[PDB]
2 protein chains.
Amino acid sequence: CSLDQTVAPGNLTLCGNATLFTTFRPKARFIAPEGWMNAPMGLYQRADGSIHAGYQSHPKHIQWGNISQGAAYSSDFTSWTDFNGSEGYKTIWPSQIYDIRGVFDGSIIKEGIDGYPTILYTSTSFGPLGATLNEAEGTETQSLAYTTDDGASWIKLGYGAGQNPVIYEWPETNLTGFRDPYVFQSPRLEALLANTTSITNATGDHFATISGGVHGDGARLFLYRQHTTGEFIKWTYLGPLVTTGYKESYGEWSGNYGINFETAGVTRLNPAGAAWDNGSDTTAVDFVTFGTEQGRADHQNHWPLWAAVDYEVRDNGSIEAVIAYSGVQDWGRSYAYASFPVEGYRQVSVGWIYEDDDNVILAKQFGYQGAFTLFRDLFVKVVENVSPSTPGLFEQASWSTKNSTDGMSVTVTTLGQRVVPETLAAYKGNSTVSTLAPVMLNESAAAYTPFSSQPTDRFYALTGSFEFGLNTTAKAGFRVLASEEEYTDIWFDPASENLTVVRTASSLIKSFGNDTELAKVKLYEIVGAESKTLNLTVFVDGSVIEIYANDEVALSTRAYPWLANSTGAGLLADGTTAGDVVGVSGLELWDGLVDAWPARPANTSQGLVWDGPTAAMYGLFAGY
Amino acid sequence: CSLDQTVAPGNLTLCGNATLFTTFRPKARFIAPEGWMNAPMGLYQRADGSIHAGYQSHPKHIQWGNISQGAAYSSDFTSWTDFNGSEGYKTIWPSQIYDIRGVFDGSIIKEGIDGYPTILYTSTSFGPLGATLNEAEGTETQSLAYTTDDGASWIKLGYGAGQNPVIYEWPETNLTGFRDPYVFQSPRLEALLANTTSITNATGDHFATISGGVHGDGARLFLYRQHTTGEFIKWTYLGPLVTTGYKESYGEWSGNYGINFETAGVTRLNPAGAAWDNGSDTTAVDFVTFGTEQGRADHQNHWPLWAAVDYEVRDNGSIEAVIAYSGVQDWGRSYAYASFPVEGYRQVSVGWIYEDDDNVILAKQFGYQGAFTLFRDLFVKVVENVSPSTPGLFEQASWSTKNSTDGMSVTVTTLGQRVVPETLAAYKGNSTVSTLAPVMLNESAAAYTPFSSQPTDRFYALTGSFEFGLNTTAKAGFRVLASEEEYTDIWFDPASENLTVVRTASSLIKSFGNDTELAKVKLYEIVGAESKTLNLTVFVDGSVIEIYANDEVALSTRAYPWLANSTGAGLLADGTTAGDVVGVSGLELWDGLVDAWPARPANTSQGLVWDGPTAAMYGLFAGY
Ligand SMILES: *[C@@H]1O[C@H](CO)[C@@H](O[C@@H]2O[C@H](CO)[C@@H](O[C@@H]3O[C@H](CO[C@H]4O[C@H](CO[C@H]5O[C@H](CO)[C@@H](O)[C@H](O)[C@@H]5O[C@H]5O[C@H](CO)[C@@H](O)[C@H](O)[C@@H]5O)[C@@H](O)[C@H](O[C@H]5O[C@H](CO)[C@@H](O)[C@H](O)[C@@H]5O)[C@@H]4O)[C@@H](O)[C@H](O[C@H]4O[C@H](CO)[C@@H](O)[C@H](O)[C@@H]4O[C@H]4O[C@H](CO)[C@@H](O)[C@H](O)[C@@H]4O[C@H]4O[C@H](CO)[C@@H](O)[C@H](O)[C@@H]4O)[C@@H]3O)[C@H](O)[C@H]2NC(C)=O)[C@H](O)[C@H]1NC(C)=O
Ligand SMILES: *[C@@H]1O[C@H](CO)[C@@H](O[C@@H]2O[C@H](CO)[C@@H](O[C@@H]3O[C@H](CO[C@H]4O[C@H](CO[C@H]5O[C@H](CO)[C@@H](O)[C@H](O)[C@@H]5O[C@H]5O[C@H](CO)[C@@H](O)[C@H](O)[C@@H]5O)[C@@H](O)[C@H](O[C@H]5O[C@H](CO)[C@@H](O)[C@H](O)[C@@H]5O)[C@@H]4O)[C@@H](O)[C@H](O[C@H]4O[C@H](CO)[C@@H](O)[C@H](O)[C@@H]4O[C@H]4O[C@H](CO)[C@@H](O)[C@H](O)[C@@H]4O[C@H]4O[C@H](CO)[C@@H](O)[C@H](O)[C@@H]4O)[C@@H]3O)[C@H](O)[C@H]2NC(C)=O)[C@H](O)[C@H]1NC(C)=O
Ligand SMILES: *[C@@H]1O[C@H](CO)[C@@H](O[C@@H]2O[C@H](CO)[C@@H](O[C@@H]3O[C@H](CO[C@H]4O[C@H](CO)[C@@H](O)[C@H](O[C@H]5O[C@H](CO)[C@@H](O)[C@H](O)[C@@H]5O)[C@@H]4O)[C@@H](O)[C@H](O[C@H]4O[C@H](CO)[C@@H](O)[C@H](O)[C@@H]4O[C@H]4O[C@H](CO)[C@@H](O)[C@H](O)[C@@H]4O)[C@@H]3O)[C@H](O)[C@H]2NC(C)=O)[C@H](O)[C@H]1NC(C)=O
Ligand SMILES: *[C@@H]1O[C@H](CO)[C@@H](O[C@@H]2O[C@H](CO)[C@@H](O[C@@H]3O[C@H](CO[C@H]4O[C@H](CO)[C@@H](O)[C@H](O[C@H]5O[C@H](CO)[C@@H](O)[C@H](O)[C@@H]5O)[C@@H]4O)[C@@H](O)[C@H](O[C@H]4O[C@H](CO)[C@@H](O)[C@H](O)[C@@H]4O[C@H]4O[C@H](CO)[C@@H](O)[C@H](O)[C@@H]4O)[C@@H]3O)[C@H](O)[C@H]2NC(C)=O)[C@H](O)[C@H]1NC(C)=O
Ligand SMILES: OC[C@H]1O[C@@](CO)(OC[C@H]2O[C@H](O[C@H]3[C@H](O)[C@@H](O)[C@@H](O)O[C@@H]3CO)[C@H](O)[C@@H](O)[C@@H]2O)[C@@H](O)[C@@H]1O
Ligand SMILES: OC[C@H]1O[C@@](CO)(OC[C@H]2O[C@H](O[C@H]3[C@H](O)[C@@H](O)[C@@H](O)O[C@@H]3CO)[C@H](O)[C@@H](O)[C@@H]2O)[C@@H](O)[C@@H]1O
Ligand SMILES: *[C@@H]1O[C@H](CO)[C@@H](O)[C@H](O)[C@H]1NC(C)=O
Ligand SMILES: *[C@@H]1O[C@H](CO)[C@@H](O)[C@H](O)[C@H]1NC(C)=O
Ligand SMILES: *[C@@H]1O[C@H](CO)[C@@H](O)[C@H](O)[C@H]1NC(C)=O
Ligand SMILES: *[C@@H]1O[C@H](CO)[C@@H](O)[C@H](O)[C@H]1NC(C)=O
Ligand SMILES: *[C@@H]1O[C@H](CO)[C@@H](O)[C@H](O)[C@H]1NC(C)=O
Ligand SMILES: *[C@@H]1O[C@H](CO)[C@@H](O)[C@H](O)[C@H]1NC(C)=O
Ligand SMILES: *[C@@H]1O[C@H](CO)[C@@H](O)[C@H](O)[C@H]1NC(C)=O
Ligand SMILES: *[C@@H]1O[C@H](CO)[C@@H](O)[C@H](O)[C@H]1NC(C)=O
Ligand SMILES: *[C@@H]1O[C@H](CO)[C@@H](O)[C@H](O)[C@H]1NC(C)=O
Ligand SMILES: *[C@@H]1O[C@H](CO)[C@@H](O)[C@H](O)[C@H]1NC(C)=O
Ligand SMILES: *[C@@H]1O[C@H](CO)[C@@H](O)[C@H](O)[C@H]1NC(C)=O
Ligand SMILES: *[C@@H]1O[C@H](CO)[C@@H](O)[C@H](O)[C@H]1NC(C)=O
């Protein structure tokens, strides 16, 4: 095993465990110290204003198993510190018959048991567990634990009658899944249900959704309501909140609803951020976010979706969330988005970016798998004065349209997403910032034009505004992590409405994924404008490439170039001519970003271990 | 619910939990503070000379489940003190994927991990588990833990490759069971295997048996040897030590070998106690003790047996224990005998006495189930100068015979059992002792003759020597726990060789067992004697009746009379005449015995709990 990045890669499968630990590793984002991670969990803003972030964790392994909550905290979403206790950076782990198979996703009741922050989580035990398997009742239940030390440790309620697990009966037969409890307060839902509380007797101020589905009949989000305020044992099933069909798709802008939901959440937003009104705010919109499985041919069969919904009250005192429009939270290699409330009327969302090594060829050599996305403020994106001649505008796929009285303009409403400002400020302020001169891409434009200032490593941000003609057939974008022999190309093609990441040359190492990523982006044309604009921001962080367009579209992916000099970046141009010109302005390079884990050394591997021959006997975990 | 014991019992099923806690409860023996107990485990003499006793325990329940090690200690086998830690009187409990289904029986390596006492125990996980079920490999494994504080707590080795569990591969296919590791040192087995260690490479000073069997083909005791001295991870399977047939019986004196062994142990004894020679002591005998299941129509389908064995070395460097003769360790409601070495060349054995409420009618009202037997010294019982005309002597069923050179006398050898002298001394010294005048039972003998001194409560011992004519057809014995309306009759009938406990009148409460207990007792007739003698000792301890005959035969049973005055005792006589006389001498009553748990209050119930609806979902434990 040679680690010479000035020559072609050898056979890297001969390299030892964690020998490639630093090679492709993100430095500027949330990531476990080592080993396997997946979904964010247990997210909450603590009493001191800091952010507690949990995550599904399997230390010293590079596949999922014994799944536990790893945790850390931050005052600004950006610079983090690990918890350190008797189980290292873990704070909840399998320990009881009811959760011994895994401590799955859960969410926080901020004022819970004895007034302490309390997690409601999926406690798993033995048996087939999966949407394509024959799961039985009891395998997935929901349990409580609380913290008296602000997340350094958690105390589970006892096992038994009237204690853990607190939710165990399947609300409908033949479930595909029954997990990922999302606890939330909702003045909106309380107001809607207030006239029906005699029917159900459920009058608490917390609601909980549980994600699942029904075999052969599509996904389901089940709604529960806390039976009595201040009491956390009894949760009353109201009914299904979201019901979708078996592999139903709302269309090209909306992914596919698959067969089963995972990590679903419920929020209410307005143009500024989170909305906590009872329905009285006419600018507020109710949203559900959710993962779906088995409705996609690639990306691990997983879509991270969202939908705007209109609530209807059923006669039995439950709520039907009728989907008004439906979109995609991230179009790339990410899943398991969780959102949580933050002071100042914010709702903040974060997901998990998996690797692109699905055959597990270099995972042991990495010594870790997975990272988070960046933390994103959610809000209602409103675009005013939109031209009715915007192509496809009245499909209203992942947006709504409201005509002006005179019919000459349209107001567009959709889900907005933007990186939390704390992170953008910290990134910019800690970076070497190069403000670049605007560039007209015309007949003289090369295919690739390096920026006048270049990155110094694999940790940088790019921004640019691309102005296109209304009838352009030109393509433009950014090339990143680039040398002569390796590069990753981010293209937007207004004629097709497709944002792509072409990865055929991303790496000389052939075992990593190289498929083309694709997102749809609607450029809402403004009344009186003779052009249409794409605002593109790109974060490069080790192997993560995370793309944001117009505070709306997100696409996370992976690139693993071998050569030490595959760090460059610049502009891409295709079919730009004297007549079909792309004007690029607001160009900026931020070189360096932030060291997100200042207390961690460069190599936080502790080695990898094997569970031994019993892993296959138990059949629950891969064992490595 | 009335608790008036001066009138007939009402419907006691209406009584609350633990309302009958003290009513039938032993006071003079080892018993858990409350709840469910079964097999003794983790028995060892600590460095300070005290005895550590563990037991299978399910606190606050009256059926088996979440099975754990409860523990206590004693300086004299007799007066005990509970451990008290973070889990009360528990010291090992289910906590890892490999043992979450139960911490089953285990035994002690006195100088184990880092020189500390170390337990090797059966760690159980999910799946069908039982001799009549389709068990799979992994469900039962064997794991290590060690104590740095003399049994107050235990630290398990980590889960994984080269750590716990340490034994997991089935040594043969289609096992009926794979549990109850019995670790022991054996100069005898080391000497026998010394010429074969090149074949196996196993040269350690500890051996371990694991109890089981093969579906359709009878029970098996599997022998392992520690691979290397001072190292405790690697144990090498040598071969089957004991192999018996599917429901094979050696005969009327030997129970039945069933389909599967449980709690088997290996020892070597001589007339004084434990023998630690390499084979050079010609008075020493190798013994195996073992439970069998499914070879009995009653007594929970369980026989606690023993066998004298002659070891043969196989060509592959393993040992066949060939059964020379075979007997019964206790003929009544007891099982799961464990033996352990004690200083002064002793081997001490103790078992579990279950209740006689198999339909679980009053278990909740008790608030507990189970106790230990008394602790018993094992030794080789040798009877000299036995008459060759002793009926059935040369069947050699559960004994051996050696003729004198002239053929006029026989030396009989069998397994001896007697109550440890520490307990007999403490019992006698703390009791009100009545030495009774000898009684000739003849034509004037009533059916029942109360002793001249009577017990004052349900805690007493009786002793007597019954001298019978060589051709008697008379029966005699002891009646205990007796009033006019309730009593329990212990008879010996030399003509049939049967010792019986008739329980048709033991209690007015009809839900308890009332079947007649039966043991075979061989009165070895002495050359020149014109009579044959039965030495009978009986311990009455709450509901336990524990009978010892001739330091050889043991029979433990249960009686639950309701009336407060059903405490009396005396002599039984049937068919005694002027010509067929039974002389009773050495008669003694010890009233009171010892308070075995001086620190415990009378009622140590903590209430009972229900596991809730998930118990049936998991299907592992009853849940109460
Ligand atoms: C199979 O068997 C298993 C083993 O028995 C069993 O698991 C056990 O289950 C029991 C019962 O559910 C659990 O017991 C509970 O424990 C809770 C605390 O748990 C935390 O702390 C314990 C103990 O902590 C000590 O010891 C450890 C070990 O040495 C140390 O490391 C600690 O530092 C600490 O040491 C100090 O204390 C020791 C003595 O205890 C000293 O020896 C020592 O010197 C130190 O001073 C830990 O062991 C726990 O860790 C385990 O669990 C966590 C997850 O929780 C895991 O991450 C970890 O790996 C371990 O597995 C944990 O950290 C107790 O809070 C709980 O007690 C209460 O609830 C019961 C039941 O309701 C009540 O009876 C009791 O009164 C308590 O309730 C009151 O208090 C709470 C708030 O404190 C209130 O909410 C409540 O309303 C009530 O209030 C009352 O009092 C108030 C006034 O005070 C009043 O105002 C109110 O009005 C009201 O009256 C309970 O004891 C036990 O933890 C499990 N153990 C393990 C190892 O798993 C398993 O379930 C069984 N399985 C099956 C299938 O049956
Ligand atoms: C799923 O995830 C699960 C959670 O991660 C996982 O379970 C965990 O597995 C790990 C790995 O196997 C276990 O870690 C081991 O722990 C052993 C100690 O275990 C006892 O103590 C711990 C911790 O004790 C503290 O904290 C608790 C909780 O607060 C307190 O209550 C205690 O009082 C105590 O607190 C003090 O310390 C804290 C910091 O730790 C402080 O915060 C605090 O302020 C106090 O000061 C307990 O938690 C354990 O309880 C659990 O387990 C028991 C059963 O054992 C249960 O009954 C109970 O309910 C709990 O479940 C327990 O009491 C360590 O000994 C062990 O460490 C060693 O081994 C590793 C691996 O080999 C070595 O790397 C390491 O060096 C150690 O080995 C050396 O030391 C031993 C002797 O000490 C030698 O034999 C050995 O050769 C070696 O010696 C070396 O050093 C010598 C010099 O020192 C030198 O001479 C030699 O040459 C040599 O170099 C390891 O850390 C962990 O306990 C599990 N936790 C739980 C909760 O289960 C589970 O397996 C996962 N499942 C799957 C399927 O993957
Ligand atoms: C005295 O000790 C006991 C512990 O032994 C304490 O707890 C009680 O324990 C018994 C078991 O011994 C429980 O009985 C079972 O109850 C089931 C129904 O429970 C629901 O209704 C009752 C009555 O209103 C409620 O009290 C329960 O509420 C509690 O539990 C819920 C969770 O469900 C919590 O949220 C609450 O807070 C409470 O903690 C429940 O709502 C019942 O289904 C179960 O069923 C079987 O029971 C008997 C068996 O003899 C049969 O009649 C019946 O046919 C079922 O039989 C089964 O038999 C076999 C083997 O099991 C199966 O193969 C069959 O298919 C069949 O299912 C049983 O009756 C009792 O609920 C529980 N009480 C509690 C927790 O409060 C007592 O509290 C304690 N007393 C005191 C004063 O301390
Ligand atoms: C680097 O990290 C790893 C952890 O990832 C550390 O541990 C190693 O981990 C790998 C797994 O990544 C283990 O590989 C597996 O080994 C099995 C055979 O093991 C035995 O032989 C080896 C080689 O001589 C010994 O080292 C082992 O000894 C250890 O374990 C025993 C317990 O058995 C202990 O007592 C010892 O003390 C040691 O701890 C063993 O004796 C092998 O069967 C297993 O098999 C599959 O493996 C690959 C998969 O790619 C295939 O080639 C093969 O066909 C099998 O494939 C499976 O694939 C699928 C899915 O799993 C199944 O459906 C198929 O049916 C098929 O079974 C695998 O190769 C390795 O043993 C282990 N080493 C240890 C513990 O020492 C490394 O130590 C660490 N390195 C360093 C320097 O720290
Ligand atoms: O960590 C569990 C949480 O992640 C989510 C969202 O992704 O589910 C993931 C899947 O978890 C389990 O799958 C594991 C499987 O059992 C194991 O055999 C191996 O293949 O690894 C899998 C995970 O990579 C579960 O069985 C699946 O049904 C589930 O999709 C979230 O829903 C969970 O809270
Ligand atoms: O406590 C386990 C130890 O006791 C022994 C000797 O008696 O085995 C007893 C039995 O334990 C298990 O049985 C339980 C069963 O699983 C459960 O469903 C319920 O019925 O209660 C049973 C015990 O009463 C085990 O499954 C059986 O196979 C076993 O006979 C000893 O061998 C164990 O170490
Ligand atoms: C990048 O590195 C490779 C290999 O060392 C080299 O061929 C190339 O000239 C380097 N410089 C570039 C692409 O600017
Ligand atoms: C790479 O090395 C592996 C062993 O890790 C070997 O099996 C494989 O054939 C090698 N690939 C080559 C030489 O292309
Ligand atoms: C309420 O009605 C809906 C629609 O029929 C149904 O799916 C749900 O199960 C009902 N809720 C309850 C608690 O029965
Ligand atoms: C919205 O405006 C477009 C363009 O003026 C028009 O075609 C459509 O009919 C209008 N919709 C409504 C509801 O008026
Ligand atoms: C650098 O980043 C840190 C950590 O996020 C932040 O607190 C600090 O303000 C940043 N420095 C600047 C903006 O100069
Ligand atoms: C644009 O994307 C869609 C998928 O939404 C695809 O069908 C179409 O072929 C793409 N067209 C181009 C030119 O990239
Ligand atoms: C024993 O108690 C019962 C019921 O109180 C009574 O009938 C009997 O006379 C009492 N005395 C005896 C049997 O000596
Ligand atoms: C005893 O009480 C139980 C209820 O605990 C009742 O079901 C049973 O019929 C009663 N037996 C009688 C009256 O004999
Ligand atoms: C040794 O031989 C016996 C008798 O054939 C056999 O049962 C046992 O499995 C053998 N041992 C090993 C380790 O193969
Ligand atoms: C043992 O003694 C009995 C009675 O004398 C006799 O029948 C039997 O043959 C003797 N056995 C041997 C081996 O001499
Ligand atoms: C009474 O019993 C205790 C506890 O076993 C014992 O130590 C003591 O010697 C006994 N008293 C006597 C024999 O007088
Ligand atoms: C004595 O016990 C045996 C069982 O070993 C039985 O077959 C026989 O009937 C009994 N005889 C008498 C008289 O009790």
Side-chain angles (χ1 to χ4, degrees), chain A residues 13 15-19 34-36 58-63 65 141 157-169 227 231-236 359-361 363-369 605-617 619 621-624, chain B residues 1 9-19 34-36 58-63 65 141 157-169 227 231-236 359-369 509-511 605-617 619 621-624:
Chain A
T13 73
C15 300
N17 297 341
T19 51
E34 48 72 44
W36 172 271
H58 195 21
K60 303 178 78 179
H61 293 72
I62 50 61
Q63 294 285 273
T141 62
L157 296 186
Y159 173 60
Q163 317 180 78
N164 275 341
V166 298
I167 300 163
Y168 43 84
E169 281 188 51
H227 195 263
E231 298 179 4
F232 307 98
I233 303 304
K234 195 171 172 187
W235 297 80
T236 299
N359 300 314
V360 200
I361 304 298
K364 289 170 65 178
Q365 289 76 13
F366 279 31
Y368 70 91
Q369 294 282 287
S605 178
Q606 292 182 41
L608 298 177
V609 299
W610 182 41
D611 289 358
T614 61
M617 296 178 185
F621 318 134
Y624 49 90
Chain B
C1 169
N11 188 343
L12 298 173
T13 73
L14 300 171
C15 300
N17 297 341
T19 51
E34 48 72 44
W36 172 271
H58 195 21
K60 303 178 78 179
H61 293 72
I62 50 61
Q63 294 285 273
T141 62
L157 296 186
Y159 173 60
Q163 317 180 78
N164 275 341
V166 298
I167 300 163
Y168 43 84
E169 281 188 51
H227 195 263
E231 298 179 4
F232 307 98
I233 303 304
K234 195 171 172 187
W235 297 80
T236 299
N359 300 314
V360 200
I361 304 298
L362 295 175
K364 289 170 65 178
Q365 289 76 13
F366 279 31
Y368 70 91
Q369 294 282 287
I509 304 161
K510 297 285 140 231
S511 49
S605 178
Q606 292 182 41
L608 298 177
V609 299
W610 182 41
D611 289 358
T614 61
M617 296 178 185
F621 318 134
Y624 49 90

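Per chain, numbering begins at 1; letters A, B, ... match sequence-line order. Remember, it's 1-based here, ligands and their atoms both numbered in the order they're listed. Just so it is clear, the values below take in all heavy atoms, side chains as well, and ignore hydrogens, waters and symmetry mates.
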Under 4.0 angstrom from [atom], is there any protein heavy atom?
| atom | result |
| --- | --- |
| atom 44 (C) of ligand 3 | no |
| atom 4 (C) of ligand 3 | yes |
| atom 24 (O) of ligand 3 | no |
| atom 30 (O) of ligand 3 | yes |
| atom 58 (O) of ligand 4 | no |
| atom 75 (C) of ligand 3 | yes |
| atom 71 (O) of ligand 3 | yes |
| atom 48 (C) of ligand 4 | no |
| atom 66 (C) of ligand 3 | no |
| atom 80 (N) of ligand 3 | yes |

Pick whichever of [options] has a heavy atom sitting closest to [atom].
| atom | options | value |
| --- | --- | --- |
| atom 10 (C) of ligand 14 | B:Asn11, B:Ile361, B:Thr13 | B:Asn11 |
| atom 33 (O) of ligand 3 | B:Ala363, B:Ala616, B:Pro613, B:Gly623 | B:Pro613 |
| atom 40 (C) of ligand 3 | B:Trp610, B:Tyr624, A:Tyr168 | B:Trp610 |
| atom 83 (O) of ligand 3 | B:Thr614, B:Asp611, B:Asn17 | B:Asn17 |

With a heavy-atom distance limit of 4.0 Å, tell me whether A:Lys364 approaches ligand 4 through its side chain, its backbone, both, or neither.
side chain
Below a 4.0 angstrom heavy-atom separation, can you tell me which part of A:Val609, side chain or backbone, both or neither, approaches ligand 4?
backbone
With a 4.5 Å heavy-atom cut-off, do A:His61 and A:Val609 have their side chains touching?
yes
Quick check on contacts: which atoms of ligand 14 are under 4.0 angstrom from a heavy atom of B:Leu14?
2 (O), 4 (C), 5 (O)
Hey, which atoms in ligand 4 end up nearer than 4.0 Å to a heavy atom of B:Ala161?
30 (O), 39 (O), 75 (C)
Ignoring hydrogens and angles, tell me if any N or O in the side chain of B:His58 forms a donor-acceptor pair with the backbone of B:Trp36 under 3.5 Å.
no
For the backbone of A:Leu157 and the side chain of A:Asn164, can you confirm whether one donor and one acceptor N or O come within less than 3.5 Å of each other?
yes
Identity and distance of the protein heavy atom lying nearest atom 34 (C) of ligand 3:
A:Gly162 N, 3.5 Å
Which residue and atom name correspond to the protein heavy atom nearest atom 6 (C) of ligand 3, and how close is it?
B:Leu608 O, 3.8 Å
Distance check, rounded to the nearest 0.5 Å: B:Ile509 atom CD1 versus B:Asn11 atom CG?
11.0 Å
